[PDB]
């Protein structure tokens, strides 16, 4: 509350560390469904169904331009990529499996870097 604060957690490296995580997600062999925005002209149903499209290149541009206020807004966009994937793709599909694999990969890096 006013003039009453928990001890200051050092967040000065968060930007660099989210960049490193994002690099590792970018270079994973199962990243290919997620590297670029879904083409809304060429994929029937996507525009109407997925209210907030997100992809790794969009996260990279947001990260590089100071559009994440803190490390949690960064995690929310990464998770959005996988949530969108599950919304549109069957689990038993190459893309559906890719999304589960990448979500697992991300959540481990996230816990190990920050928790």
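Out of 52, 41, one residue alone is touching a residue at least 12 places away in the same chain (Cβ under 8 Å) and surrounded by fewer than 12 Cβ atoms within 10 Å (Cβ to Cβ). It is 52.
Only residues that are within 10 Å of the chain's Cα centre (by Cα) and loosely packed, with under 13 Cβ neighbours inside 10 Å were counted in region 58-75, giving 1. When we screen 6, 62 for residues that are over 22 Å from residue 104 (Cβ atoms) and part of a loop (DSSP other than H, G, I, E, B), the only hit is 6. Listed by first and then second residue, the pairs linking a residue in region 87-109 that is without any contact (Cβ under 8 Å) to a residue 12 or more places away in the chain to a residue that is surrounded by 11 or more Cβ atoms within 10 Å (Cβ to Cβ) and part of a loop (DSSP other than H, G, I, E, B), with Cβ atoms under 7 Å apart and 6 or more places separating them unless they lie on different chains, are 96/89. Can you tell me which residue among 22, 17, 36 is in a loop (DSSP other than H, G, I, E, B) and either surrounded by 10 or more Cβ atoms within 10 Å (Cβ to Cβ) or touching a helix residue (DSSP H, G or I) at 6+ places or on another chain (Cβ under 9 Å) (or both)? Exactly one of 22, 17, 36 is in a loop (DSSP other than H, G, I, E, B) and either surrounded by 10 or more Cβ atoms within 10 Å (Cβ to Cβ) or touching a helix residue (DSSP H, G or I) at 6+ places or on another chain (Cβ under 9 Å) (or both), namely 36.
FYI, it's all coordinate maths here, none of it is from the lab. Using ideal geometry, Cβ is built from the backbone for each residue, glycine included, and neighbour counts are taken over all protein chains shown.
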